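Notes follow the structure.
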Amino acid sequence: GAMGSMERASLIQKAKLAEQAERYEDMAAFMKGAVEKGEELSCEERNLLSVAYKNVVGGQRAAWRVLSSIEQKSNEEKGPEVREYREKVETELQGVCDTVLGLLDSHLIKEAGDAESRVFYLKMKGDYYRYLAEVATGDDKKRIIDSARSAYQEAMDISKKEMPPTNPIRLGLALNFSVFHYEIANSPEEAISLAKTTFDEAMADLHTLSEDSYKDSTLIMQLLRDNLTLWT
Amino acid sequence: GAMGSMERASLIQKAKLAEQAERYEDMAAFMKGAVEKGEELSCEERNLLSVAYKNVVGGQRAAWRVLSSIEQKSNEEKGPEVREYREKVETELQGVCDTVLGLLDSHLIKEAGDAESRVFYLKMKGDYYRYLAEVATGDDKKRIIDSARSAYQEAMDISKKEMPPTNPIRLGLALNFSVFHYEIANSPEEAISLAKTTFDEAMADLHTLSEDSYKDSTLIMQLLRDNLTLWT
Amino acid sequence: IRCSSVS
Amino acid sequence: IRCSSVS
Ligand SMILES: [Ca+2]
Ligand SMILES: [Ca+2]
Ligand SMILES: [Cl-]
Ligand SMILES: [Cl-]
Ligand SMILES: [Cl-]
Ligand SMILES: [Cl-]
Ligand SMILES: [Cl-]
Ligand SMILES: [Cl-]
Ligand SMILES: [Mg+2]
Ligand SMILES: [Mg+2]
Ligand SMILES: [Mg+2]
Ligand SMILES: [Mg+2]
Ligand SMILES: [Mg+2]
Ligand SMILES: [Mg+2]
Ligand code: NA
Ligand code: NA
């Protein structure tokens, strides 16, 4: 609670400044402080929170993949250093995911009553369990994978009942859930099916949108198509 | 001294792994730990130390410039937040420069007897005083500028006596000292003169070099020319 | 190439 | 453009 003495509005303002400065660790600490004020988050604030932690954990994941590759080639060389340093980065990454999952559990999800907020937070919960699953090997690897799948599934169920198929939150949830199927659950056919069905239902709803909403939805649709091109 | 329990060789090995992972804060902590073992550094180790801290302070300087620009436009808006956050980043940056200057003073420079090592460390001392000068405003701004200038000057004096004009350490020292003159000391004519004299004396010594040394020297000469093109 | 995902 | 410097 190093941010406990700062005003909620000042934390949000500084998160935006940190984003402009590409200081994403600062950004995430500011947004964590804002969440810990206990009030619900607006749409803009939810996106600040996600952007901040996505960039933090993204750097850790990229580092972990570099070190994992070196470790595997060194085991195909001697000394514990590569394993030690990989484990260090892995432990840091797990700590960030635990932090995010802790904010969602205390108490963002339980207070989220609207479709847009509940789906957003359940998608985040799936994402950060997915990041844990990327490095998991031990007793709980299967439990971690099913925590991701369950969060994504609950988000999908709400999103199909409460949001149009072009809604960018719904589209991004489907994109990331399809990545989960391909990369984590060893279910490439499920990944491809979900990406194609999501793309096709969004295409048939584009005619409703304004020009600005059209640009938002088609940007994510392009990512679905990019994945399908990689996978097929 | 969180690295005090790790072997010197393991610290160096992990610094190299951190460089491959683009984990420069880790890299700098590993190299700080290696310096604190008390032994002199090899050429490769000196370059690891410099690369690590250059990347750390480079991110801070870039953030500081973003925030400084926002602060100045907001004073041309209200609230202390932009100044507070700029000051935070500034304090962190100053702390990193103090760390580096402390490693040089305790005791890298005093043990450096060879030209290549002494010039390298005195150049670093000039650089990190220069980074302090970029953010300095108060009672010691002029003393900081003269600490940079004095370190660079001592390095220049040794380099002109002990190294050929194509030596990459000598070239990089001259490049950075010319940046000091242009950006810090408000001495653009001195900056241009130094860059041109350095470039011309290196050009006339290229005929001695092997192909590999030629590539090393001409890469830095290109940076001298790039600066001269900006400045003239 | 790696898969694309969003925040 | 900003000035070029080296480590
Ligand atoms: Ca409740
Ligand atoms: Ca001595
Ligand atoms: Cl380690
Ligand atoms: Cl540990
Ligand atoms: Cl957990
Ligand atoms: Cl602050
Ligand atoms: Cl403070
Ligand atoms: Cl100092
Ligand atoms: Mg308050
Ligand atoms: Mg759940
Ligand atoms: Mg098939
Ligand atoms: Mg030892
Ligand atoms: Mg000196
Ligand atoms: Mg003139
Ligand atoms: Na504010
Ligand atoms: Na080693």
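Where a number appears in this text, it was derived from the coordinates with a stated rule and is not lab data. With ideal geometry, Cβ positions are generated from the backbone for all residues, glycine too; neighbour counts draw on all protein chains shown.
Within the group B:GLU40, B:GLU25, which residue is within 11 Å of another protein chain (Cβ to nearest Cβ), over 20 Å from A:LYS16 (Cα atoms) and either in a loop (DSSP other than H, G, I, E, B) or within 16 Å of ligand 3 (Cβ to nearest atom) (or both)?
B:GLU25
Which of the helices (runs of 4 or more DSSP H) contained wholly in region B:83-184 include at least 1 residues that are within 14 Å of another protein chain (Cβ to nearest Cβ) and away from ligand 13 (no atom under 16 Å from the Cβ)?
Output list reads B:115-135, B:168-179.
Counting only residues that are among the small types (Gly, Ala, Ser) and either in contact with a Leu (Cβ under 6 Å, 6 or more places away or on another chain) or closer than 17 Å to B:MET163 by Cβ (or both), how many does region B:183-216 have?
5
Which count do you get for residues in region B:1-11 that are among the aliphatic types (A, V, I, L, M), part of a helix (DSSP H, G or I) and closer than 20 Å to B:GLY102 by Cβ?
Residues meeting the conditions: 1.
Checking the conditions here, which among A:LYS78, A:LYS16 is within 22 Å of B:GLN60 (Cα to Cα), basic (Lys, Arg), within 13 Å of chain B (Cβ to nearest Cβ) and more than 16 Å from ligand 13 (Cβ to nearest atom)?
A:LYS16 is the lone residue from the list that is within 22 Å of B:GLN60 (Cα to Cα), basic (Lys, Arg), within 13 Å of chain B (Cβ to nearest Cβ) and more than 16 Å from ligand 13 (Cβ to nearest atom).
For every residue, the table says whether it meets (1) touching a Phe, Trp or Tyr at 6+ places or on another chain (Cβ under 6 Å); (2) of a type in the set (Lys, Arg).
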| site | (1), (2) |
| --- | --- |
| A:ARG149 | no, yes |
| A:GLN153 | no, no |
| A:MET156 | no, no |
| A:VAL179 | no, no |
| A:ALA185 | no, no |
| A:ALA191 | yes, no |
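Which is within 14 Å of chain D (Cβ to nearest Cβ) and more than 30 Å from B:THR137 (Cβ to Cβ), of B:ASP216, B:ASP205, B:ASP212, B:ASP200?
B:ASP216
Just checking, does region B:80-89 include any residue being surrounded by 14 or more Cβ atoms within 10 Å (Cβ to Cβ) and either within 23 Å of B:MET31 (Cα to Cα) or within 16 Å of ligand 10 (Cβ to nearest atom) (or both)?
yes
For A:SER74, are the conditions met, namely being hydroxyl-bearing (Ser, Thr, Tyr), away from ligand 7 (no atom under 16 Å from the Cβ) and surrounded by 15 or more Cβ atoms within 10 Å (Cβ to Cβ)?
no
When region A:15-47 is examined, which residues are found to be away from ligand 1 (no atom under 16 Å from the Cβ), more than 23 Å from A:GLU92 (Cβ to Cβ) and either buried (at least 22 other Cβ atoms within 10 Å of the Cβ) or not charged (D, E, K, R) (or both)?
Hits for region A:15-47 are A:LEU17, A:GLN20, A:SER42, A:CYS43, A:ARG46, A:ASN47.
Considering only residues that are among the small types (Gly, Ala, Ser) and either out of contact with any helix residue (DSSP H, G or I) (no Cβ under 6 Å at 6 or more places or on another chain) or within 14 Å of chain B (Cβ to nearest Cβ) (or both), which ones fall in region A:28-37?
A:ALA29, A:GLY33, A:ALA34
Only one of B:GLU189, B:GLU201, B:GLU183 is in contact with a helix residue (DSSP H, G or I) (Cβ under 8 Å, 6 or more places away or on another chain) and acidic (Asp, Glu). Can you tell me which?
The unique qualifying residue is B:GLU183.
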